[PDB]
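**Student:** Enclosed are the sequence and the experimentally obtained structure.
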Amino acid sequence: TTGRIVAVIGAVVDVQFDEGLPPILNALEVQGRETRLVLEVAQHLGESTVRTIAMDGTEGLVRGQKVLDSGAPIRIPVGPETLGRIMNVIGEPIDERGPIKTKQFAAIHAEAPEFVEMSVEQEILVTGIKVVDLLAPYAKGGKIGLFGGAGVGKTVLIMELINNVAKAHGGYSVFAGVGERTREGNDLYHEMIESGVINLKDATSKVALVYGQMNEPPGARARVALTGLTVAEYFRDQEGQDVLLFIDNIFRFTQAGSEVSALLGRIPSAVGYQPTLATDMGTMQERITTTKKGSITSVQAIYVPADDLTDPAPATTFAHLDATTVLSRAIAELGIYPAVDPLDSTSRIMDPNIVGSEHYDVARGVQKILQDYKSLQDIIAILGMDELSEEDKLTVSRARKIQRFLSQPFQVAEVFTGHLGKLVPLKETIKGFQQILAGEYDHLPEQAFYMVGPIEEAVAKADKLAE
Amino acid sequence: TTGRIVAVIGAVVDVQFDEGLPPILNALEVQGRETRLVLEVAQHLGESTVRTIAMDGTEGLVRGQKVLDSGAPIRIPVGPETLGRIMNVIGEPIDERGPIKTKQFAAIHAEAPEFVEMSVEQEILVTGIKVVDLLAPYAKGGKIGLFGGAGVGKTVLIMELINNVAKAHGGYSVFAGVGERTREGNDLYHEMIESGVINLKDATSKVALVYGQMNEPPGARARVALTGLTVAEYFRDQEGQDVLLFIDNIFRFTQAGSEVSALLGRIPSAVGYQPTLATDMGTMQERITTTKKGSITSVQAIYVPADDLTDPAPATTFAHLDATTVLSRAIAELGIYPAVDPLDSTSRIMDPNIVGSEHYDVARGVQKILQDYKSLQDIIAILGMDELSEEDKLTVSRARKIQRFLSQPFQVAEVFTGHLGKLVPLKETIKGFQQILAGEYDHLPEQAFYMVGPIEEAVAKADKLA
Amino acid sequence: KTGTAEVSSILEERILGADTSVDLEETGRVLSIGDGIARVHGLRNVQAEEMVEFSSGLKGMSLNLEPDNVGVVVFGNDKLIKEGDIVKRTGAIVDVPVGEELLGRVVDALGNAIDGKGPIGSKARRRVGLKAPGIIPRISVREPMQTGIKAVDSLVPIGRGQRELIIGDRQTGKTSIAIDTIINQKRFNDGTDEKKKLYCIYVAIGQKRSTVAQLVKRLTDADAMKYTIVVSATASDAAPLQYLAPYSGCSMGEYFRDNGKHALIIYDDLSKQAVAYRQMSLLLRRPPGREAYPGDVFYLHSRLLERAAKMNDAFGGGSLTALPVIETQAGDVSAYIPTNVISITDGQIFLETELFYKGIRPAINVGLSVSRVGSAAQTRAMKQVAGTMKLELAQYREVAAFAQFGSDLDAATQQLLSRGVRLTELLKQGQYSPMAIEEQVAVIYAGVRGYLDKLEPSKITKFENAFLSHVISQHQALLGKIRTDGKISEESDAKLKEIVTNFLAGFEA
Amino acid sequence: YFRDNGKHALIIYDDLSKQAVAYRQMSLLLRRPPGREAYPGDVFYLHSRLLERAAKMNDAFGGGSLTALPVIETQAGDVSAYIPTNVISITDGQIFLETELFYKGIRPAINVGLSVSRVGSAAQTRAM
Amino acid sequence: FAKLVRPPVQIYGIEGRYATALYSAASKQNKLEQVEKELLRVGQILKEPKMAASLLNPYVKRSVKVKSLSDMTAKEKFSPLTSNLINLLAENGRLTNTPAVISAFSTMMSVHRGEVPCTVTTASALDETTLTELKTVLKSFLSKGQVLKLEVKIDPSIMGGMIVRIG
């Protein structure tokens, strides 16, 4: 079917085909557009005309120009070949390292698993960063929201995360850099390269990269999100895996959805937000889960719109979030890397019913205590110390030890840390914190517990600092 | 004349008459709609098409279909035999005691009565609610706008007033359940039955009930106001009576209107409102009167939408008020019943002549102290109360006491409160507050003051507290 | 001139004289499609309120019959269809299949399974459009009714028919709150009779499948699921579908009611519906209004909710108890729908969520939680301890008020705080821990008779369990009785006390 | 009619607030768009012009005058409010009255601080 | 759906959407000229007041506008179905638009696909041919009395300003 530009009002290209108008979503290719001009059918406007959105930037066009419908929505490469590769939205190597050899294509829309496929009870995704895992015990398939101070080695952590699990547990990762600064993706790129997590000698760099930076149509950038999803879906179902879907920023996506709406002539609801803000969310989020085949654990970087989150969308988002990563610059400032906000980075799933009751207690006890210490700082702040009980002192120290024990050296950033990172088998972790809590070391320096890996190794570091 | 369903776009039923058009507001009967389906002519859309509103559901209805104009607007049976029967908007049982027989009809629009006809004086009636009386006592024939509460308070308050009133005043009443919550009216029904004010062996209760429930289409709800209004005018003038018009809740009407204007494809207004939000209201309110052939005193539940009165709509409303009870949910939260915005709980005719000056002055004093206190919390909050002259601290305290003393608990909600029901004759009241104003009592606790009838009992309670 | 179809194929034959013609009377061709609103030309002889069915088999509702077309809201997706498409009437308005073999079933709103046990065993269909009953049909709720959350049942004394708001923010297991409520009813469903039972309809609105998956599983585990429909239009759901689900529920609960039954529909969660619906309106360009919401969402809810009632016997005595959910943003309740719902509902259960988060389970904002309803909804038994307790708590809270100083007050009040704390422990009831009532009043009784005020708060709970296990063993007898009497007897009390003392004695001191 | 007929006329406009409401409504009903607060703005022009019709003339006009005491009733003292802003921009003062004083019993209950006629303070009275 | 005939002219919507209908109508059967002509005839037969603007009163309604203009195809003798589309403009008030709708339709035969010259051109008249401005060359290069008050005077203008425009 060929259609004719009947109207270009921006990237709303209204196309009249006197030829079939297939279903909506269909990617149309403009004939006469020497760089891939995807139009995604947005409306069948009526009377042989469809409303499309160019997913690209427009120019040169004449009203009438011939467009040939790709007869399906946008189909994109799916497959391993993306790992260690940067694709744009259209999939095209913005690795700029020639093409990527895929065969498996997928239309970027996909759906929420149908109900019966629901692996009914999610199960902790093990972060293995002790603290992280502890306070936010993620769920395999889970949506983790990342509130956070940028570039702290935000990315380092992420990189590290990918490393920690997705290596460890052989999962996979997707980073869909949505709307990002090309620069930041660039930075990251090399950073991965640099990290070796991106390997250029291996396209089994534990991450497939898709970037849809702030220069594409909002929808297009937005749709880079779907793309990433589509790929990750490949790895879950097809590769049977726990795919990690690292997303930056789901917000920017959000904004983008809304952005088209207006222009879509819609009435996009609150904050200007798409009325379908929710549906957009729902359908994508609902695509995310744990299938029986695996997990798409979605780690979603979360930009703080209006430095607020009650901005209806994030507010909604919370419904989807289940584990929260609040990164704490304060913890970082204490030199503690992990720099996480402990007592706010949480996971709902955290239960004793669920995620071990012991774990749980230990955690709650911990959280409680951590808070309690937290209280005590305040007290002590003003009250010096040893104006108070030594039980407080003990705990303070313990808390602190625990604190330090949360500090986990880092594995590629021997350059920053002067240490090598380490990963922590869960049980010993639970045990670990309990033990410190149990104060079974009370003659060892706490600075030992700083940048410790697993609790034994913490004991080990304890020893060395204990001379 | 008969019309063709030409479009049903929602319950805006677009009817095309292929015959003369009657005026607007002519009631059209959907044929095939036995279940009396009034569509009200709303517009002459042109080309003998009208925009109408269905007030009853629209289903099955094909476009084409036949609607028959009754040749008039909604006319409904009117007559005293309703006093102890519940009619729906279309003047038909929802007593469901079969139908009531009235032999008089009315089109549900009465018009604004000429000015001269007014009882141009209305005079202190009382409620026995200290606070009310104090701030805002009744008058005689006046419409009071009652704001606020749920029936944690509001709805309660209305009822309570009712509780004293029909009985106590020979209060001829109309109860207009506007966008009504059916349930309460159900409950109420039985109560009324119970109470015997609805006496069913004589459908000459003090009150005719009209319930115009939420469940009806907006159109239905919108129009019941006119209806009820019509009835009361009949009852006042025609039936001579001292009408009370209970409206619960006129807001819900308002709400119906707004939706409707919109639905009419017409501009609503700011906040979604209606341009004519006022004029319908105004004109409705102006239909309301105490001529000299009785009184229509309105007790108007006015649900403060989203509890914002600022809200132009209520803003407007105020114009039609002549006494108001403005609650304070704010107060209410503090437990309180009755819980008021005191500084706009009124009777306009607040005057030392009208009310006695004792009342008046006391009231002015009260309004003063409480206000001053009102200044002060804010201060206290941003401080303590310590810095603030202790006398003031005293007044502050007193002010709460006054508050607490204003707190008046009721019988019907002894049930709820676990706490006795009370009504207070005014003089004892004047005295009450006046005494607190004399501050001798001061030493005695807030809670003594809390939830009482006469202060005396509070005095009693104080001792007892001690 | 400019409507449309003037350059369609509409005009294009109408030119010639309409040539070749069929329906546009009972089928229509999608004039334009966008927004899941199929402007469908034709269908012209269509009902009002017809459910239609699409060529893609998808459903639509012919809401707006415009003189030219029918704006048909589509319960589906137009990535699954395209223009000119045949819309065929179903002829019929929306009905939902209704049936009680849906008890033990999870369905989508269309009434089709999502339980995947193949087709519904439903054989009936029933209007989702069904009307709210009449005044007189409704009759007052003499019934009590439980959640098994003692604290709830007590301080919110419940009846069957009742519209009651579940209100609070964020999954506290917000849903959990509901879950336990349901679980308790199991015993009642393991008990007897339709009115000594409640049929649960969990209309899950916007609640992502995952939420469901677990949840249902939970229900499965409890298999209270057996007397339960879960009408589920999850997050994914097309907005009209999401929207529809309650209405669907609306048909079903009235059914039960009408099958005498006392039904419980948990409308979970209308917030999500509202959003959708508003959205829906807006997509229709049909307005918003206040707070972006168009105002008959109140009507919506009325329409929906009024259909929930407690009937008299002529009306099967029926009930549909509606447990709507609203999850607040931050106790933002001028938030239209909260406003609405408060006025519609016959009380609301406010939770002070922070507390929950502070660990309180339950975490209720009791102060705001209210049943104006109150007394009709309760057993004397309960009245005897609970009546007092609420009140006493009124004071506890009152004195929790003035925690600046502390309990350096008079003993009573120092106590009220202590006691209060105690009562808190008692009112804390684990999640996944529903109890039957007699035990509950019992367990309250001790503390309210001050017995446990020796105890440090932690041991209250501890006691309670232990105590529970004690009575469970022995005084199981007594529970038999208390259950029997519906009141606590002098004896029972005395024995209870005595038990208590023994238990206490058993407990430690 | 009076004014120009030398006389000194007093018009109390009670109240333009309501007037605007009507007018706007009327406009909107004309589909003729609103403006701020749904009010189209030449209600200002309207009123401005109206108020421009109030004056104190010379002798050729009988010394003619029409003094205008418009009233605008604030809603929660919302000067901000369009029409209040309008009027503010038009006025030769405004007399703000505060309720609080009224409640004090203070009657007159003026918010004097805001109440002004600057201009008025030569159209006065040596005594005073 | 249907065959969609977009013959040159074509109004590109704008209420010859009927025309576009009718371009496919006309094209079907190729009653092109007939109807093209029908329309001319009709054209003023309508467009004069003569029963027609009387009938273009609003105030006469399609109660019987449907019964007298329509039954002016009946009243006339045209309508091989050309009234039926009238009866559509009838509702669709396009009657008042029609000339233009016809214009778009017509222009006339191969005339259907005209053209009038411009830039430096003085000349008025259509183009029915294939390649062109052969004819235009030979159209100018016809007469030589000619106008420039029939278009361009390149004269005041083209370059009359230009030197000025440099300075």
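**Tutor:** Received, thanks. Residues are numbered from 1 along each chain as shown, chains lettered A, B, ... in the order given.
**Student:** Would you confirm that residue A:199 contacts residue A:83?
**Tutor:** No - counting by Cβ atoms under 8 Å, residue A:199 stays clear of residue A:83, with 9.5 Å between them. The C-beta positions use only the backbone N, C-alpha and C, and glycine is treated the same way.
**Student:** Between those two, tell me which one has more neighbours.
**Tutor:** Set side by side, residue A:199 and residue A:83 show more neighbours around residue A:83, with 22 against 15, by other Cβ atoms under 10 Å in any protein chain shown.
**Student:** related to what we said a few turns ago, need the overlap of contacts for residue A:199 and residue A:83.
**Tutor:** residue A:205 (Cβ atoms under 8 Å, 6 or more residues apart in numbering or on different chains).
**Student:** Now do stretch E:43-58: distance to the chain's middle.
**Tutor:** The chain centre lies 19 Å from the centre of stretch E:43-58; the measure is Cα atoms, centre = their mean, to the nearest Å.
**Student:** sorry, that was for stretch C:477-486
**Tutor:** 30 Å.
**Student:** Please put the alpha-carbon coordinates of stretch A:195-203 into CSV.
**Tutor:** Extracted in CSV, the C-alpha atoms of stretch A:195-203 (Å, rounded to 0.1, in the frame of the first residue of the first chain):
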residue,chain,number,x,y,z
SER,A,195,34.8,-1.7,32.6
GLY,A,196,35.1,-4.6,30.3
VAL,A,197,31.5,-5.4,30.9
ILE,A,198,31.4,-4.0,27.5
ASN,A,199,33.8,-6.1,25.7
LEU,A,200,34.3,-5.2,22.1
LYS,A,201,36.0,-8.5,21.6
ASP,A,202,32.7,-9.9,22.8
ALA,A,203,29.2,-8.9,22.0
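**Student:** tell me how far it is from the chain's mean position?
**Tutor:** 20 Å.
**Student:** Could you do stretch C:13-23 as well?
**Tutor:** Here stretch C:13-23 is found 51 Å from its chain centre; the criterion is Cα atoms, centre = their mean.
**Student:** same thing with stretch A:324-335?
**Tutor:** Stretch A:324-335 sits 18 Å away from the centroid of its parent chain (Cα atoms, centre = their mean).
**Student:** buried stuff in that stretch?
**Tutor:** Residues of stretch A:324-335 classed as buried by neighbour count (16 or more other Cβ atoms under 10 Å in any protein chain shown): A:324, A:325, A:326, A:327, A:328, A:331, A:332.
**Student:** Equivalent analysis for stretch C:2-14, please.
**Tutor:** The neighbour-count check on stretch C:2-14 (16+ other Cβ under 10 Å) flags C:4, C:5, C:6, C:7, C:8, C:9, C:10, C:11, C:12, C:13, C:14 as buried.
**Student:** Take those residues and keep only those in helices.
**Tutor:** Counting by DSSP state H, those place C:11, C:12, C:13, C:14 in helices.
**Student:** show me the contacts for the closest residue to residue A:466 other than its chain neighbours.
**Tutor:** Nearest residue to residue A:466 in three dimensions, chain neighbours excluded: residue A:444, at 4.8 Å (Cβ to Cβ, 6 or more residues apart in numbering or on different chains). Residues near residue A:444 by Cβ under 8 Å, 6+ apart: A:401, A:462, A:463, A:465, A:466.
**Student:** Compute the number of surrounding residues for the residue lying closest to residue E:41 once chain neighbours are set aside.
**Tutor:** Once flanking residues are discounted, residue E:41 sits nearest to residue E:78: 6.9 Å by Cβ to Cβ, 6+ apart. Other residues lying near residue E:78 total 20 when counted by other Cβ under 10 Å.
**Student:** again, but for the one 3 residues further on
**Tutor:** The criterion is other Cβ under 10 Å. On that basis, residue E:81 has 22 neighbouring residues.
**Student:** for residue E:119, same thing?
**Tutor:** Around residue E:119 there are 8 residues (other Cβ under 10 Å).
**Student:** Contact partners for it?
**Tutor:** Neighbouring residues of residue E:119 by Cβ under 8 Å, 6+ apart: residue E:152.
**Student:** did I read that right, it in a helix?
**Tutor:** No - secondary structure of residue E:119 (DSSP: H, G, I helix; E, B strand; the rest coil): coil, not part of a helix.
**Student:** which residues does the residue of the stretch 301-450 of chain C at minimum distance from chain D contact?
**Tutor:** Residue nearest to chain D within the stretch 301-450 of chain C: residue C:334 (16.2 Å; Cβ to the nearest Cβ). Going by Cβ under 8 Å, 6+ apart, residue C:334 touches B:306, B:307, B:308.
**Student:** Kindly recompute the last result at 6 Å.
**Tutor:** B:306, B:307 (Cβ atoms under 6 Å, 6 or more residues apart in numbering or on different chains).
**Student:** just residue C:213 next, same as before
**Tutor:** Neighbours of residue C:213 in contact, by Cβ under 6 Å, 6+ apart: A:118, A:120.
**Student:** ok, and for the helix or strand hosting it, which residues are buried?
**Tutor:** Secondary structure from DSSP states H and E places residue C:213 in helix C:209-222. Buried residues in helix C:209-222, counted by 16+ other Cβ under 10 Å: C:209, C:210, C:211, C:212, C:213, C:214, C:215, C:216, C:218, C:219, C:222.
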